[PDB]
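Below sits a lone chain in C-alpha cells, taken as the form deposited in one PDB entry.
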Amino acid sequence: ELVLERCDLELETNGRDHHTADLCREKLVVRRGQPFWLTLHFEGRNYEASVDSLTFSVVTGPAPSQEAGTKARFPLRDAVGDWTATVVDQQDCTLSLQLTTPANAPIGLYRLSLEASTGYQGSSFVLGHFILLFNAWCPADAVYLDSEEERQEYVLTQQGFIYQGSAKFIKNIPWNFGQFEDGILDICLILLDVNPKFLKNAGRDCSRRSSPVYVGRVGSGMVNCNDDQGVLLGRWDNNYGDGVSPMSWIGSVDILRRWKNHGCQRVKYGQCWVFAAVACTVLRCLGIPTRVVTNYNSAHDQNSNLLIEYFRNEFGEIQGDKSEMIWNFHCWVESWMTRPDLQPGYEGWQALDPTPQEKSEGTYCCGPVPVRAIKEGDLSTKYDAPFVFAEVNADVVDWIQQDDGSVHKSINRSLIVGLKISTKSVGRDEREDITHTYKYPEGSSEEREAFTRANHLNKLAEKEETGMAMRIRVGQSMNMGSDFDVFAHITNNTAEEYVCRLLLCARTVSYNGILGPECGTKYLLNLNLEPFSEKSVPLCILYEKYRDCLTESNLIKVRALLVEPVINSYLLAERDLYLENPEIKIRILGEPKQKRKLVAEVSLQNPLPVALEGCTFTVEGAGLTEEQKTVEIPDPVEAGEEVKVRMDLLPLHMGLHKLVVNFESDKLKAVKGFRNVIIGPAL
C-alpha cells in the first residue's frame, strides 16, 4: 500500500502554549525545550504502525548538519536524545503527534520534513516551517526565569519606559518595543542572517544560535557597532533635518521596518537609548529576557580609565578639550541568561551595550558581562567587564588652572558617577532603582574588597575641606518655555567671615555632555560669607537666552565656582537641569472593545511665549494599531492656545496596551505622552 496524507494542521493552541500567540500568524512559532501539537490528516487510510514506518527530520541553517546541531531526523514512536516525536492519539484518518525540541536547540527557521516508508517505497516530503525561539518558561533553557511576572515583563511586555531627564529629576519616556508586531520577527532573523559571523561562515553562526550569550552579542552589535551593515546610524551634533531626531522615535517597530524596507540601510539617526531600545526589541522577540537600563552621570566613552582629570580656567570652565565629558545619562540593556562559559555563579543579568565607544584598541561595543561581576570588581570576567565598571565607578578630579603656573585641585562634592541606575518595574509603571545591583554601598567592606579586585582603591575623601560647601538649588520645577531661577547655595560653617569670588555659568547641554553656548552668567568678585551662615545667589535663566541651542532633551547645565583667595581654595558645583515639557492630555472615547473602533483625543497646551507651527501628533502602540498614526495641525497654535485632535484606532488584541504618542512642532519638538488602555472582549 501507500500512505496518503491530505493535510497537516499546526494549530494555534501551540501559540497559547508557547506564549507566542501574537507571533503566530501564517507560520508556526514555538519555544525550544517544549512540545507542540501536530495533527496529520490522511485520506481513506489512517496510519498503520504495522507496515507504515515514518521518520521525521528538520534542518535550519542554510547549511544544515547533524553534528552542528542545525539538522536532525528522528523516529516516530509513542515512547519518548532530545529531538523526539511521538503519537499522542489517532482516529478516523487523523494522527496527532507531539514533537519536542532540545532546550539548547539553535533558534531560527526550521524545515519540517516527513519520511514515509509504507513498506519500501513510500513518499518523503516537507510538512511546513516553524520558528524556534528561546524559552524562558523552560527550566532546561539557558534563559529560564522562575518568576512568572518577570517572564511577562521581560519577554512578553511590548510597551515600556526608558529613563531620561536628570538624576535630580528623572523622566520616564514611553516606548513601543512592539516585538510581536507583524513582520518584526522576520526582520529579526534577517538581522541575524546578515551579520559578519554569518557571512563569514553560515554554518558556524547558524549553529551557535543556540546560545543566548552568542545571539545577544550578535543582536547588540547589529544595532550600531560597525554600521558596515547596522540598523541605526548615530548622530550627536544636533542637526537631524535629513532624518528623524533620535528623541522623536517612540518605538523600535518603525525603525526596524524603515531598515528592511530600505534594503537594510542604516536608519536615519539614533542614540544610545535608541540603540538599547531596538536591541531590547530584538532580544525580547527572540525570547531572551531583556530590559533597557539607564545610568546617570555615566563615565562613558572614557577609554575605561577609572580616573578622569579635567582642567578648568579660573571659571570652572573645562578648559580641557579632546577630553570626554561625563554623560548626563547613558543607556544599555541587560539580558537574563546562564553563563556556561564562566566560573559558575555568574548566571543572571548580563549587561549588553549596543553603543560603540572608543576602546583600548578601536571602536566597537561591549557585553555581555555578568552584572554580579561588575559589582564584585571581577574585571577579568569575559566581555568588556572593565568598561562597564568605569561606566559606573569612574573617579573624577577637577583641576583649576592657576593664572600663574600649575593647576590647583578643587573640591567638587556635587558629582557622582553611577547614579539612580534605573529601569521599569516588573508588572508596574513605577521606576525600579537597580543601582544596588552594580555597586556595594559606599563605605562598606564589600565595596573595599570590590575596588580591590579592580585596583580602584582610589577613594580617601577629603573629609577636612575648608569649612565650606556649595550646591545648586532649583527652588521648584521649571518648564520648557519660561524663565526661572537657579541658586548657588553657599554654606559657611566657620568662625571666619570669608570674602570670595563666585563664578556662575549656565549652558545648554546635550544628553551626553556636549556643552553649548552660555544661557546665563553672574560673577560676584566680592561675595561676603558671614560666619556660620548660608548665602543664596540667584541666576536668571531666560527662555529668550537658551531657546536657540537647546536639545530635544531639554537639558541645561549650571556651574558654579567659589574661590577663596586667602587659603587659595576652589569649590566646584555643577548640576544638570531638565526643563519640563507640557503634558499631553489623553481621553479614550467610547468602549475599549476588541476588534472595534476606538478614538483617542490628545491635547497639548502651547507653553512657549511664541506661536507653534507645523504641529504634528504621532501615535503608535502594539495592540492598539497595526500602523503608526499621524495627524497634522494645519494652522499655528498661538502662545496661549491649546491643540487637540482625535485618532481612530482599531485595537486588535485584548489585554493591556500602552498607547505612546509624540508631539512635534517647529519650536517644540519631541514632547511625549502615553496612556494605559485595557481592551476587552467584543462579545
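Quick note: we count residues from 1 along the sequence shown, nothing fancier.
Below, we refer to the form solved in complex with a partner chain, which is not included among the displayed structures.
Please tell me which of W327, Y578, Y163, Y383 lies within 4.5 Å of its partner chain in the bound PDB entry, judged by heavy atoms. Result of the distance check: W327.
Since exactly one of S210, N554, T423, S298 fits, which has a heavy atom within 4.5 Å of its partner chain in the bound PDB entry? In short, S298.
Would you check, heavy atoms only and a 4.5 Å threshold, whether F311 touches its partner chain in the bound PDB entry? Residue-level check for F311: yes, a contact with its partner chain.
Its partner chain contact in the bound PDB entry: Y438, any heavy atom under 4.5 Å: Looking in the bound PDB entry, residue contacts with its partner chain do not include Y438, since no heavy atom lies within 4.5 Å.
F387 within 4.5 Å of its partner chain in the bound PDB entry, heavy atoms: So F387 does not count as contacting its partner chain.
State yes or no: in the bound PDB entry, is some non-hydrogen atom of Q159 no more than 4.5 angstroms from a non-hydrogen atom of its partner chain? No, no contact at 4.5 Å.
Look at the stretches 270-278, 222-230, 71-79, 438-446 and give the one with heavy atoms within 4.5 Å of its partner chain in the bound PDB entry. Only one stretch passes the 4.5 Å heavy-atom test: 270-278.
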